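For reference, each letter of the sequence shown is one residue, going 62 to 185 in my numbering.
Where a beta carbon is used, it is the ideal one built from N, C-alpha and C, also for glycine.
Here's the structure, in structure tokens; my notes come after.
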Amino acid sequence: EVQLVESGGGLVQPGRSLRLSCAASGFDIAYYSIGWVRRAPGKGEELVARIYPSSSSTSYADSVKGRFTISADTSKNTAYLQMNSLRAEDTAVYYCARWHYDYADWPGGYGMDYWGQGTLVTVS
């Protein structure tokens, strides 16, 4: 009954922008931490961005700060990753993730409990 359904990926040129969407079902997004993880061949895997329900503050990986913005629309029960100034090294499969309540405001990758299906973003 808990579902995270992603959309918004694609293939674009360097310098352009994309907005990933993560439509949540089965819980109220205003009370849960949402984040984005990415993976790619020959790379590792990395936490990109996270939003915390305590103060709606955000945190970002060093390589994307100032270019990516994570946010949530409580009215639509959806989180977004706004990806501006895309770079070749941003090519990856991106996943939306939810954290368990027990770790909602605890920073790090520990505590995730649901994930989206994966969305490919490619910079040409």
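query                                                                                                                                                       : result
Should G103 go down as buried or exposed, given a rule of 16 or more other Cβ atoms within 10 Å for buried?                                                 : exposed
DSSP three-state call for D89: helix, strand or coil?                                                                                                       : coil
Among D166, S86, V73 and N145, which residue has its Cα nearest to the Cα of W176?                                                                          : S86
Just confirm the distance between the C-beta atoms of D151 and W160, as a whole number of angstroms; I'd bet it's less than 8 Å.                            : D151 to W160, Cβ: 23 Å. No contact.
Take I131 and list the residues in its own chain whose beta-carbon comes closer than 6 Å to its own, dropping the five residues that flank it on each side. : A110, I112, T119 and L142
My parser needs the beta strand (DSSP E) runs of 3 or more residues fully inside the region 95-163; what are they?                                          : 95-100, 106-112, 119-121, 129-134, 139-144 and 153-160
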